[PDB]
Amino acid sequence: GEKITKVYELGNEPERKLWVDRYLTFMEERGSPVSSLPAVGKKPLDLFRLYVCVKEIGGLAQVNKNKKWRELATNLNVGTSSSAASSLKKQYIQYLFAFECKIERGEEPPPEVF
């Protein structure tokens, strides 16, 4: 139950502020605004760190192929269990994958027309 503004405060990496500004605006404009920090169990998720760590591996598809969700959950202190790994993957898909597509591959969700 932490306010999303806490994500600006979880660290002061030079690139964090711009990333968060871009991310929250991206989410508000697509109709899925984020108001609270997502969590896995009782752990608030530092979305910026999670995004950066997944990017290091090469994105969602690469983490899936290399089966690195348990390593990520362990290294981010989310948990060492298979369930913590699956919960972390779920939160990445729900909160960050659409953004990954936009930022890493210039993907621009085809205008909702069809």
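Just count from 1 along the sequence shown to find any residue number.
Legend: mean Cα B-factor per stretch from the PDB entry, 97-105 versus 13-21; the higher mean is in 97-105.
Of the two segments, 30-38 and 47-55, the one listed with the higher mean B-factor is 30-38 (C-alpha atoms only).
The deposited CA B-factor of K65 belongs to the highest third of values across its chain. Ranked within its chain, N75 lands in the lowest third, by CA B factor from the PDB record.
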